[PDB]
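Listed here are the chains, written in short residue letters.
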Amino acid sequence: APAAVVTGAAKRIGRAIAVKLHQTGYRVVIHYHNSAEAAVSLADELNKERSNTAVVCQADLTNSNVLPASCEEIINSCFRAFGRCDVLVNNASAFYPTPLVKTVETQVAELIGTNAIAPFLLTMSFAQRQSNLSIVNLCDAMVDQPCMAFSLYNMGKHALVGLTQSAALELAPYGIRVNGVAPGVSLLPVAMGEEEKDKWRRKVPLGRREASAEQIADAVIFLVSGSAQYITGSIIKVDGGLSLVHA
Amino acid sequence: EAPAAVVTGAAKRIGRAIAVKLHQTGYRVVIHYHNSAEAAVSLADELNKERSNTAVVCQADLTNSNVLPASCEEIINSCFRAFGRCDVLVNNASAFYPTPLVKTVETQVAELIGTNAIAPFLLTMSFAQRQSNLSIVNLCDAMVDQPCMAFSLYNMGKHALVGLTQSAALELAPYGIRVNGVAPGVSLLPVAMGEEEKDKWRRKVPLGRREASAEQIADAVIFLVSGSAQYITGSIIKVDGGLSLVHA
Amino acid sequence: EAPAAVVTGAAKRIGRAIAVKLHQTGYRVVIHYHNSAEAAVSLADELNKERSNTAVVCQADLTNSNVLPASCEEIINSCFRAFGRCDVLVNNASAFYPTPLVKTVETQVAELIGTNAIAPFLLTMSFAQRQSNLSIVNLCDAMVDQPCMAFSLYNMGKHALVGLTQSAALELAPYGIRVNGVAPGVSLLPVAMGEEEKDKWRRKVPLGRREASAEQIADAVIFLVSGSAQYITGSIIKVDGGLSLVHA
Amino acid sequence: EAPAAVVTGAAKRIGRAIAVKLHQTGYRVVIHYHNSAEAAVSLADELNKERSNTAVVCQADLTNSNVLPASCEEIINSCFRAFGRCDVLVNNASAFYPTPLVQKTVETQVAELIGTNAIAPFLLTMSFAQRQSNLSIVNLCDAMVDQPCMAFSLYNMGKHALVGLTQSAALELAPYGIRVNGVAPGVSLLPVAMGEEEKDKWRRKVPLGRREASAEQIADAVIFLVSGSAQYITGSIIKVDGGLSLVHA
Ligand SMILES: NC(=O)c1ccc[n+]([C@@H]2O[C@H](COP(=O)([O-])OP(=O)(O)OC[C@H]3O[C@@H](n4cnc5c(N)ncnc54)[C@H](OP(=O)(O)O)[C@@H]3O)[C@@H](O)[C@H]2O)c1
Ligand SMILES: NC(=O)c1ccc[n+]([C@@H]2O[C@H](COP(=O)([O-])OP(=O)(O)OC[C@H]3O[C@@H](n4cnc5c(N)ncnc54)[C@H](OP(=O)(O)O)[C@@H]3O)[C@@H](O)[C@H]2O)c1
Ligand SMILES: NC(=O)c1ccc[n+]([C@@H]2O[C@H](COP(=O)([O-])OP(=O)(O)OC[C@H]3O[C@@H](n4cnc5c(N)ncnc54)[C@H](OP(=O)(O)O)[C@@H]3O)[C@@H](O)[C@H]2O)c1
Ligand SMILES: NC(=O)c1ccc[n+]([C@@H]2O[C@H](COP(=O)([O-])OP(=O)(O)OC[C@H]3O[C@@H](n4cnc5c(N)ncnc54)[C@H](OP(=O)(O)O)[C@@H]3O)[C@@H](O)[C@H]2O)c1
Ligand SMILES: Nc1nc(N)nc(NC2CC2)n1
Ligand SMILES: Nc1nc(N)nc(NC2CC2)n1
Ligand SMILES: Nc1nc(N)nc(NC2CC2)n1
Ligand SMILES: Nc1nc(N)nc(NC2CC2)n1
Ligand code: NA
Ligand code: NA
């Protein structure tokens, strides 16, 4: 059985991706930062289905002097548990506004670390340890029509597009594919107000609703599958047409 | 009962692989063709041997002309006539040849722009006008921003097809019709292409230094028409082995 | 001696402003028009009052048809007959109206795809064939990836024009002919559009909550044809006040 | 009074060309530099001999660190100290070197490549805006970001982030009348460290003249963007690449 690492997998979209990978037959490493209880509850659920097929792994993915070592250890955790690491899903992400007009350098470390630098370091560590091997990066369908006052977040997501492309090119000779999935509106942020959630939903052409986490996870499953073996450097929007709607 | 799909230019090559994979997934298929009558009938016979009354052929020229709207309406009609429904449209048929800036040019326009862009638009119109998982898949080109030299009309047509994909995704979303694309890089090389040229293209592809099989292209089409793509509309999936990421 | 430019659809609105600014920069101009003869002639008279023998008009329908290649060749020829040279081509003329998926459709195709894409292609062919700072500027649309609802053929035509811009840039670079685009967002609105509707569009624009003047669009054209742009080819400059960056 | 501009990494090469062209257009200029003190001072001396008290130098490292926000604030402050205003910011400074995925610390490479190409532009943009006619920012991008050089992931990441900043900042700063645009070279001045045969390999790829862009050609697009001829243009990135990005593998 192949094995996958999913970052930020205790809740929401990460959780659904881990669940669907496990349902497909993968053993999974459930990475978490603060959500230890949820991470272990997910592992307990998956291990009840198939013993010793899910483990948890804690790490902060904020940029720092220790982030390279932390990312090496996440990949190492998959090898320790399962003896291989076939799939990496870069899902973990900080998301909050950073107006141009926490210290700003902490915001940099968190927003650019989680969205871009940790994915890069995890990609390095994944590759260095190297079958259907692939990486899937969780992008953002709205990167070119960004939310107001979210410059660092947007920078991080653009950087992640860059990594997707650069790593697809560089890792192709190792048979490692690198792709992305770009939600528009999926599970709305827990802190967003109801009326705000509804305003976003009403903008989506395809059903005037957000994507379920499972719909996002379906695109991840496709990209890691045998049915995507010639696909690398591609980013699949799963956005219900939202990015096509003008102001 | 079983859903039904129209695949244009389905007698050979990628369209044939798409038709076969849709049929294997459970669809009844309209095999559109232009000149390749014997291949189209042979494919229909193959599919009907597997499940009777699940494949028919439909002949049409998709060159632009004043009768092209009627021709595209008749392809969609032919699906309803055979199967009583039309769930999926795959716009695959395509003319591809150079048109240097420096057949008459009017014919070149009609063929390249008609097959790659206008016929998809008219088929899209007719599909939409006539009707649980409805979708359209347009065969695009991953290299449209790094185009082949002296292929301006072809490239224009494929860019127009991106525009149609996006515009139709937006407009047809309220009807539950998703509209997406699949963009090959190099897949089955042109029959006309010489061996050395084919080898030069193959050697450019990062992932495996080989072209895509027809089946690999069809796999992306199958995903986009499936239940696993129900929130996906207006997306174009490159299936190019990284080719478009390679600088000059 | 003075360079010469062809501007399509130059009688009114953005094309007129472009022709004026090119003339102010020192170009002789061919004012192409279709229906707006009186305005074309008035512009020519104004320009020739400023400097005699510097402006001529040229009538043609740019709808797609069997005669469009000849018509386009004639427009280019008119610049050579008048001025002895043709240094700049500005593809500005454009039909724009909705074509819902759900006039006959073949005429809509001819008009929308002809004016926005096929006539630019044929004009580009004829320009190149007759061939220093030579360049072509195509009037694109900054909103082509977030298009107006029910404008599929228009959007297809503008996408095709992006592809032409790219393809022609690549192919014509060895002749030193640069090919670029200018992409307005909201510029001149219909005069007859109610101000309340105009204001809905204006309020969308981040930079000043107003539409671009024709002259602001023309400024970008002037840059691209200038000596300050001699390494720029295949580039499309948005002149949109940030509109294309604004989400739904 | 004459307007004032800050050009990062302006001692040499493209940045100097931009500073020179802005100065010739009537701007007073802050010549930011990191290690090239001699070159920076030489340029300032030359510009002040054309017009007295119209150029100053400003030294800063633009590597990311917890003091980078203060350093960026101080570059903008230096423009106001010398000239009383700051109308234009050109984010030109850039680290550029490979970072292979498979095998000087990686954290240093992150701090340099992401800091110079993205974070310092962001912080300078914040400081520029907080301190405020024809105000604008021009970011030096890269026309090849979607067809990147092999083994340059962190550089490419940085330049993609800079695209994101250009767009985000154009949106957010539009109500302040600050336009934010980019200029994206393909091949311009080749690296000093490259041999002529390798330079020629790159030159031969360029459809328009089989040559790199001069520094002045890049600067010409910057000057257009800061000019009155670009007053409705924001969020736009102009490729100045001779068609290079249109050429397939
Ligand atoms: N939801 C949407 O509509 C949407 C739209 C566009 C893009 N996306 C992208 O899709 C992905 C999943 O979205 P989501 O909404 O499910 O994400 P989310 O709930 O915002 O974040 C996912 C997880 O990231 C982890 N994380 C955050 N900061 C971290 C840090 N410093 N170190 C390590 N891990 C950290 C958290 O793990 P712990 O809980 O364990 O601390 C969190 O549960 C993200 O990449 C997001 O950007 C989502
Ligand atoms: N192969 C590749 O590497 C590649 C690369 C990029 C994109 N694509 C796209 O993928 C699709 C499939 O590629 P392919 O190589 O399999 O295509 P293809 O063999 O060039 O053409 C497919 C079929 O199009 C039909 N067709 C051509 N002109 C027509 C006309 N005037 N009216 C009606 N039908 C017409 C032909 O049908 P008859 O034989 O019955 O006459 C032909 O067999 C095309 O859209 C192509 O542009 C392919
Ligand atoms: N206005 C905007 O906000 C906006 C936004 C985005 C892009 N653009 C682009 O900018 C350019 C100029 O826009 P505009 O608003 O000034 O254009 P416009 O007023 O819609 O049209 C310009 C001219 O095109 C000519 N034209 C139309 N159909 C033709 C045909 N069949 N044959 C020949 N010529 C034909 C007409 O010439 P006659 O009057 O002589 O018949 C007309 O005056 C266009 O390419 C447009 O798509 C404009
Ligand atoms: N040259 C090309 O072909 C090309 C192609 C694509 C994009 N571009 C972009 O165009 C811009 C100019 O290119 P270029 O070739 O002229 O650049 P460059 O010579 O590589 O670098 C410009 C300057 O950046 C400064 N810099 C580097 N690291 C720094 C740091 N840690 N802190 C502060 N400043 C630092 C250096 O200043 P000091 O010398 O004072 O240390 C250097 O002179 C860059 O943004 C580049 O990415 C250029
Ligand atoms: N990390 C990230 N990124 C986006 N775009 N949206 C969200 N959504 C909610 C914070 C949970 N999360
Ligand atoms: N229609 C089309 N389009 C492309 N890109 N390639 C091909 N390949 C060869 C004519 C079969 N055909
Ligand atoms: N995008 C576009 N294209 C043309 N040809 N004309 C127009 N006219 C504007 C609605 C007045 N807009
Ligand atoms: N900063 C930067 N960025 C690019 N692309 N090219 C260059 N040339 C560098 C001096 C070698 N520098
Ligand atoms: Na830790
Ligand atoms: Na008239």
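For the structure itself, look to the data block above.
Residues numbered from 1 in each chain as written, not as in the entry; some residues may be left out. Chains lettered and ligands numbered in written order. Heavy atoms only, no water. Residues with missing side-chain atoms left out of burial classes, pairs and counts.

As a further point, take the overall build of chain A. From N to C terminus, chain A includes 7 helices and 7 strands. Mapped in sequence order, the helices and strands of chain A form the string β-α-β-α-β-α-β-α-β-α-β-α-α-β. Against the compact-globule benchmark of 18 Å for 247 residues, chain A has a radius of gyration of 17 Å, which places it among compact chains. Dimensions of chain A, computed from C-alpha atoms along their principal axes, come out at roughly 50 × 40 × 40 Å. (Helix = DSSP H or I, 4+ residues; strand = E, 2+ residues; numbered from the N terminus. Rg over C-alpha atoms; globule rule 2.2 N^0.38 Å.)

All names here are of chain B. If you check the shell around ligand 2, you find 26 residues, and the closest are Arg13, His34, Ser36, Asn92 and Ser187. Taking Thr63, its side chain carries an N or O atom lying 3.3 Å from a nitrogen atom of ligand 2. Looking at the shell around ligand 2, the elements with two or more residues in it are α1 (13–25), β2 (28–33) and α5 (152–172). Residue classes in the shell around ligand 2 are distributed as 11 nonpolar, 11 polar and 4 charged. (Near = heavy atom within 4 Å. Polar contact = N/O pair within 3.5 Å; in protein donor to acceptor, adjacent residues only side chain to side chain. Nonpolar A, V, L, I, M, F, W, Y, C, P; charged D, E, K, R; others polar.)

Turning our attention to the interface of chain B and chain C. With 40 residues of chain B at the contact, the number on the chain C side is 41 residues. Summed over both partners, the interface of chain B with chain C buries about 3,500 Å², with 71% contributed by carbon and sulfur atoms. Looking only at chain B, the three residues that lose the most surface to chain C are B:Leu101, B:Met156 and B:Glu171, adding up to 21% of its buried area. Joining chain B to chain C, the criterion identifies 0 salt bridges. For the pair chain B and chain C, the interface holds 6 residue pairs in polar contact. Among the elements of the structure, α4 (105–130) and α5 of chain B are those that each provide at least two residues to the side of chain B that touches chain C. In terms of residue class, the side of chain B that touches chain C is made up of 27 nonpolar, 10 polar and 3 charged. (Contact = heavy atoms within 4.5 Å. Buried area = accessible area lost by both parts, 1.4 Å probe. Salt bridge = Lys/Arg side-chain N within 4 Å of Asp/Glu carboxyl O.)

Our next topic: the packing of helix α1 (residues 12–24) of chain A against helix α7 (residues 213–224) of chain A. Residue and element names in this part refer to chain A. Remark: α1 packs on α7, axes separated minimally by 8 Å, with the N-to-C direction vectors making an angle of 50°. Classified by the angle their axes make, α1 and α7 are oblique. Remark: the crossing between α1 and α7 carries right-handed chirality. Residues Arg12, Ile13, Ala16, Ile17, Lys20, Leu21 and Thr24 of α1 pack against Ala213, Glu214, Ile216, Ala217, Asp218, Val220, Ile221 and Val224 of α7. Its residues assigned to classes, the contact of α1 with α7 comprises 10 nonpolar, 1 polar and 4 charged. (Axes fitted to C-alpha atoms, helices over the stretch in contact; angles between N-to-C directions. Parallel < 35°, antiparallel > 145°, perpendicular 65-115°, else oblique. Left-handed = near helix turned anticlockwise from the far one by under 90°.)

Another aspect to go through is the sheet that holds strand β5 (residues 134–139) of chain C. All names here are of chain C. Ordered in space as β3-β2-β1-β4-β5-β6-β7, the 7 strands form an open sheet in which the pairing is parallel. Each edge of the sheet is formed by a strand with only one pairing partner; in this case those strands are β3 (55–59) and β7 (236–239). Averaged over all pairs of adjacent strands, the angle between strand axes in this sheet comes to 20°, irrespective of strand direction. Taken together, the 4 bridges between strand β1 (residues 4–7) and strand β2 (residues 28–33) define a ladder with parallel strand orientation. Opposite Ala4, over in β2, you have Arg28 as the bridge partner. Together, β1, β2, β4 (88–91) and β5 form the strand contacts of helix α1 (residues 13–25), whose direction differs from that of β1 by roughly 175°. (Pairing = 2+ DSSP bridges.)

Looking now at the relation of the copies chain B and chain C. Note on the copies: chain B fits chain C at an RMSD of 0.5 Å, the axial shift is 0.0 Å, and the rotation between them is 180°. In short, the pair behaves as if placed about a two-fold rotation axis. Distance from the rotation axis, computed per C-alpha, reaches its smallest value in chain B at B:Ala160: 2.4 Å. The fraction of interface residues of chain B whose copies in chain C are also interface residues reaches 100%, indicating that both copies meet through the same surface. (Least-squares fit on C-alpha atoms.)

Following the criterion strictly, the structure yields 14 aromatic pairs over all chains and no others. Between A:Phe150 and A:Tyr153, the ring centres sit 6.4 Å apart and the planes meet at 85°, which makes this aromatic pair edge-to-face. With a relative accessible area of 13%, A:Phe150 lands in the buried category. A relative accessible area of 10% places A:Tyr153 in the buried class. Aromatic pair C:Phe151 and C:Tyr154: ring centres 6.4 Å apart, planes at 85°, arrangement edge-to-face. Ring-pair connections join several aromatic residues into one group, and the members of that group are A:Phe95, A:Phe150 and A:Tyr153. Here the guanidinium or amino end of C:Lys204 rests over the ring plane of C:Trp201, the centre of that ring lying 5.0 Å away. (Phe/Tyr/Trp six-rings, centres within 6.5 Å; stacked < 30°, edge-to-face > 60°. Buried < 20%, exposed > 50% of the residue type's maximum accessible area, 1.4 Å probe, protein only. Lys NZ or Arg CZ within 6 Å of the ring centre and 35° of its normal.)

For the rest of this paragraph, the subject is the site of ligand 6. Residues and elements named next belong to chain B. The local shell around ligand 6 consists of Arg13, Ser94, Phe96, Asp141, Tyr154 and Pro190. Between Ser94 and ligand 6, the recorded distance is 2.8 Å, taken from a side-chain N or O atom to a nitrogen atom. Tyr154 is positioned such that a nitrogen or oxygen atom in its side chain is 2.7 Å from a nitrogen atom of ligand 6. Coverage of ligand 6 by the protein amounts to 67% of the 320 Å² it exposes when considered alone. Of the residues in the shell around ligand 6, the class split is 3 nonpolar, 1 polar and 2 charged. (Areas by Shrake-Rupley, 256 points an atom, 1.4 Å probe, with all protein chains shown as cover.)

Moving on to the sheet that holds strand β3 (residues 55–59) of chain B. All names here are of chain B. In space, the 7 strands of this open sheet follow the order β3-β2-β1-β4-β5-β6-β7, with parallel pairing throughout. What marks the edges here is a single partner per strand, and that holds for β3 and β7 (236–239). Recorded for the sheet is a direction-independent mean angle of 20° between the axes of neighbouring strands.

On to the pattern of salt bridges, then. Within this structure, the stated rule accounts for 39 salt bridges over all chains. Note that D:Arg203 is salt-bridged to D:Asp200, the shortest N-O span being 2.9 Å. Here the residue D:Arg203 and the residue D:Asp200 both occupy positions in helix α6 (residues 196–203), the gap between them amounting to 3 residues, near one helical turn. By relative accessible area, which is 5% here, D:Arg203 ends up buried. Salt bridges sharing partners connect three or more residues here, namely C:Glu195, C:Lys198, C:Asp199, C:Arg202 and C:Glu211.

Next up on the list: the nonpolar core. Grouped together as the largest cluster of nonpolar side chains are 101 residues, with contacts concentrated most on B:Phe121 and C:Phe121. Non-local contacts of C:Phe121, meaning those with residues more than four positions away in its chain, are made with B:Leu101, B:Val105, B:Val109, B:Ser152, B:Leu153, B:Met156 and C:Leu164. In terms of nonpolar packing, the next biggest core, distinct from the first, is built from 99 residues, A:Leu88, A:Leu121, A:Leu133 and D:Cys58 among them. (Core = buried A, V, L, I, M, F, W, Y, C linked by side-chain atoms within 4.5 Å.)

Quick look at the environment of A:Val6 now. Residue and element names in this part refer to chain A. Considering the arrangement of structural elements, one finds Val6 in strand β1 (residues 3–6). For the pair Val6 and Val29, spaced 23 residues apart in the sequence, the C-alpha separation amounts to 6.2 Å. When residues no more than four places from it in sequence are discounted, the contact partners of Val6 are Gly14, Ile17, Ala18, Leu21, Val28, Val29, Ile30, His31 and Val89.

All right, on to the environment of B:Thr8 then. Residues and elements named next belong to chain B. Positionally, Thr8 belongs in the loop between β1 (4–7) and α1. Each C-alpha atom of the pair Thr8 and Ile31 lies 6.6 Å from the other, and the pair is 23 residues apart in sequence. The residues touching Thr8, leaving out its near neighbours within four places in the chain, are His32, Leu62, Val90, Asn91, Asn92, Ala93 and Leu123.

Mapping A:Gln165 onto the fold places it in helix α5 (residues 151–171). For A:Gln165, a relative accessible area of 10% corresponds to the buried category. Excluding residues that lie within four positions of it along the chain, A:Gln165 makes contacts with B:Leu245, D:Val145, D:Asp146 and D:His160.

The subject of this paragraph is the packing of α1(B) against helix α2 (residues 37–50) of chain B. The geometry of a pair of packed helices is captured by two quantities: the angle between their axes and the separation between those axes. Residue and element names in this part refer to chain B. Contact geometry of α1 with α2 gives a least axis separation of 11 Å together with a crossing angle of 10°. Classified by the angle their axes make, α1 and α2 are roughly parallel. Here α1 contributes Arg16, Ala19, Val20 and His23 to the contact with α2, which in turn contributes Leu43, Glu46, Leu47 and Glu50. Taken together, the residues of the contact of α1 with α2 break down into 4 nonpolar, 1 polar and 3 charged.

The values reported here are purely geometric and, on their own, carry no functional implication.
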